Amino acid sequence: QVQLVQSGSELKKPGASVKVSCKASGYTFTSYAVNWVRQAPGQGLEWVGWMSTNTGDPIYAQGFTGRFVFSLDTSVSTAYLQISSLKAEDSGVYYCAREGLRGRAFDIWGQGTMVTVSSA
Amino acid sequence: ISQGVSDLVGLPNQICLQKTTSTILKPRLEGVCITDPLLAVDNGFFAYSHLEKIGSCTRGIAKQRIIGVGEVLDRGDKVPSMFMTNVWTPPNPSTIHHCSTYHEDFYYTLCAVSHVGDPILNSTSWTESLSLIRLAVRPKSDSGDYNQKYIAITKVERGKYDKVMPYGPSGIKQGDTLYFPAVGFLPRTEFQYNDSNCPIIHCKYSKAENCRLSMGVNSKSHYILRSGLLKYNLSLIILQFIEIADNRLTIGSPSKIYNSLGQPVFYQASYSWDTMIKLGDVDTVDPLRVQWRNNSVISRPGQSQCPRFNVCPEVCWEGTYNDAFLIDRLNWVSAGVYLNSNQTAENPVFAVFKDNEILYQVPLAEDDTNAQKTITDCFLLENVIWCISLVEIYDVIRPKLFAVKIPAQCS
Amino acid sequence: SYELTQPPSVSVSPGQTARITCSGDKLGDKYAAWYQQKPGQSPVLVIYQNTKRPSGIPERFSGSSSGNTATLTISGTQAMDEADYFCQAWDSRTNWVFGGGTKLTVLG
Amino acid sequence: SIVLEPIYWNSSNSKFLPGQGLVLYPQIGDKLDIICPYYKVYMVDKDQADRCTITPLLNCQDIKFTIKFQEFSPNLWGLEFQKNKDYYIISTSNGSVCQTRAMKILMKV
Ligand SMILES: *[C@@H]1O[C@H](CO)[C@@H](O[C@@H]2O[C@H](CO)[C@@H](O)[C@H](O)[C@H]2NC(C)=O)[C@H](O)[C@H]1NC(C)=O
Ligand SMILES: *[C@@H]1O[C@H](CO[C@@H]2O[C@@H](C)[C@@H](O)[C@@H](O)[C@@H]2O)[C@@H](O)[C@H](O)[C@H]1NC(C)=O
Ligand SMILES: *[C@@H]1O[C@H](CO)[C@@H](O)[C@H](O)[C@H]1NC(C)=O
Ligand SMILES: *[C@@H]1O[C@H](CO)[C@@H](O)[C@H](O)[C@H]1NC(C)=O
Ligand SMILES: *[C@@H]1O[C@H](CO)[C@@H](O)[C@H](O)[C@H]1NC(C)=O
Ligand SMILES: *[C@@H]1O[C@H](CO)[C@@H](O)[C@H](O)[C@H]1NC(C)=O
């Protein structure tokens, strides 16, 4: 049993920030890197960025600004994604999935944390 | 439970990039000579060729030449191996010489028909003759032509060249199109090269003409040889010879165009003046341009006039095949074998290196061990970057292949 | 800037083989993967390496890639294949690109 | 099996016996070096060696020609050295000569 579990639903006002955890259970955090994907409500999968568990070097991400920030604590074996100044567009279900076979596929996915950018 | 061989792909994650002096790498394993071997690994389907000869290992009697394709599978104990299921031998060994590329369900191997002998040795004796031999990657009973084919092209669009021929072991498949490395026997009169391009500076014993005269087999040779890529549109048999551009202009030596990290990477043996290993990714393939790695560390053995570590323009025709792969892009770490001797083919070592540094090395054999042709291929097997190299270790002479695991920890 | 164009809607009666094709520039060499996610569930990998099937999966899925297209074929559509199918490939130059997802409508 | 004594390309060398050159008597699988201190040196067959009048093996600040008597060589021309055979390394270069000072090498391997 290998899975990436995150926190529950979060309701965040515009311009705020939310910390979405990504726990790892049943498998060694060191071996396989973690990958970030968000699903907009009613749209398809989109790859946010790739993070390295061992090196922890500057984690690669798809083309945009530096709003998203990646970090990890190997002692607790979790990956974090800081979203400073959340925008209404930056809403949906965010999953963390591991790069099980490098550039082949994502083996194990996350249950997702429905981050909601609600004005009211 | 069995890891699948795939093209080296994906982000590196763990990787070593800082120099380590420890021995962490591990090579993992009469009267007849075997030379001019061939190894080409793409997506788990390798090819092995050779030129079996009697007695003399440079001018001996060509006993047979064998071309076959097998599949790259795990040994059953997670160590990569090389397994073969298809073999094939031409009728007359002498004609077929200097022979591959992967396209789905097939494996095209462009060869040269040479009754006189090696076209480099006596070029006018050779008439332009090209034959492509394909072997089905998986044997199929009652196949017919699909299992084995023998096609000689009626024409080749050479251009300025009067004859071209396959010259490198392994090729690439930019989509449906096929590509085979090739050399061009362009006439010595037709070739043009500006002397100022040759960097006579930093060396006082050199002369401007050395870059041009080194290009040919000798200073009086009939034809300059330029390495290149020979294409074939598999869907449509017109072959148009694509040749390397003017940068780092050197002798056409055997060439391995290969795809690492989903991009073409080209190697060229240091037969001419630069004894230093020239390598790099290919910006464009249909027009040829390779960004040569600025590798100011590793070289090849050479004769007294261009020995190892030489950087001076001199007229020399000698060298050994010492190719390398690309373990990673951002670190540009390259895995290859280079012989440790100034003017002798002795002491090969598997080297994982960089532009201006070497990470770590391992002695393949003794310092006095003789080895000249060294082919190296790196494939990825379940998130760990591997490398398979075939080398003629000598004190029966036969190239043998051994695999090395690349360590991702600098510790 | 890499794209994996995939048709939006695919309609198929039960028992008929359904074909979904991903169009990408030079998809022959880029290894591909296929993900299905029924509504309100996390995506599950079904076909990768253009031929291989992950462990503990039904054998009715099969993939093939040639030229600028990779295709996943189902040997008859049951009641569980009613989902949105997603394909992806890894590109060195840009990123882990993802497809646009296809809608698989199955009658009954 | 060991690196033989290097033969300098200097006229002052006394190991070059007059009228017959210097006989080396190497063995298959041996290493040998020749150092230059204005000479061009070539390896030829019997008749040319007997006449010895006019790719070079040497072109002459430290120029050394290392030669190993095993077939695996960086010489792309594939010139080999077979056991029980014989080769003649000579130079026909004066200051700017084969018979003048017995500038001969007998490759009796
Ligand atoms: C190699 O062959 C392919 C097809 O066999 C050629 O691809 C064609 O390119 C033209 C260019 O406008 C398109 O209009 C066609 O639709 C393409 N055909 C296919 C089947 O996609 C390709 O051009 C050929 N190579 C060269 C260098 O011309
Ligand atoms: C190999 O040669 C090394 C020196 O390189 C030589 O001199 C420079 C100036 C260039 O001309 C280069 O082409 C020459 O090969 C030595 O430092 C080294 O010790 C030699 N190898 C061994 C085993 O002694
Ligand atoms: C050398 O050239 C001649 C013709 O000029 C040819 O007959 C002979 O076969 C050539 N030698 C070799 C080794 O091909
Ligand atoms: C060769 O390069 C030099 C260097 O500038 C240039 O002056 C000369 O015109 C060039 N020769 C030709 C024929 O282009
Ligand atoms: C090597 O250095 C030269 C010097 O300008 C440069 O033109 C070239 O781009 C460099 N090559 C690489 C691969 O960095
Ligand atoms: C050397 O020999 C050549 C023979 O062509 C002759 O022209 C030259 O004058 C000679 N030089 C000396 C110094 O003996």
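The first residue you see is number 1, and the count goes up from there.
The way this entry was determined, per its header, is electron microscopy, 2.9 Å.
The backbone N, Cα and C atoms fix where each Cβ goes, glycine too.
Disulfide pairing as given by Swiss-Prot: among D:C36, D:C52, D:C98 connects to D:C52. In this structure, the CA atom of D:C52 (disulfide bond) is 13 Å away from the CA atom of D:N94 (N-linked glycosylation site). Listed in sequence order, D:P37 are the same-chain residues six or more apart from D:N10 (N-linked glycosylation site) with CB atoms under 8 A from its CB. Scoring each of the recorded positions (D:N94, D:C98) by how many neighbouring Cβ atoms lie within 10 Å, the top position goes to D:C98. Using a 10 angstroms CA-CA radius around D:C98 (disulfide bond), the recorded positions that qualify from D:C36, D:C60, D:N94 are D:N94. D:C60 (disulfide bond) falls outside any helix or strand according to DSSP and counts as coil.
Annotation: residues between D:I54 and D:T55 (4 in total) lack coordinates; Cα distance 14 Å.
In this structure, the C-alpha atom of D:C36 (disulfide bond) lies 14 angstrom from that of D:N94 (N-linked glycosylation site). With 4 residues left out of the model between D:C60 and D:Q61, the distance spanned by their C-alpha atoms equals 9 Å. DSSP assigns D:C36 (disulfide bond) to a strand in the three-state reduction.
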